[PDB]
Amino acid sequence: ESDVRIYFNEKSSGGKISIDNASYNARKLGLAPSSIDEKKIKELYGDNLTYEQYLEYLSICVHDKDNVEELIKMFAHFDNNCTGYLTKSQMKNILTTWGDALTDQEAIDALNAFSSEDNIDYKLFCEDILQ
């Protein structure tokens, strides 16, 4: 709870914090905001939160329901033979096409940092990023 406050003060202009820095603060804090959270907090307070509203946002970004079973849903969908593996190109195409799509270098960099071989255990990939 202390780190929350220092991170806020690094990025706060005029006592308010922008949503982009509040999302950077939240990742620095080990949380995983998505554009869904960022849209919910825009509807309420706009693009600049007070420390009180910034706290509410960090609260929204908790996502307790986050586990391997949940994250693998899109990868398993394309694993037709249930091998538990997908290629790097398969996962790059998934990550850069739908949702809060990553860029192509972002997806590549994330798969290369997990393994050096082409076929990825997507259950272990999702576990590894969950920390």
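Start at 1 and count along the sequence shown; that's the residue number.
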{"item": "Given 6-14 and 114-122, the range whose Cα B-factors average higher in the PDB entry", "value": "6-14"}
{"item": "Between the two ranges 44-52 and 71-79, the one averaging a larger CA B factor in the entry", "value": "44-52"}
{"item": "Of the residues 100, 104, 37, 64, the one carrying the largest Cα B-factor as recorded", "value": "64"}
{"item": "For residue 26, the third of its chain into which the C-alpha B factor falls", "value": "middle"}
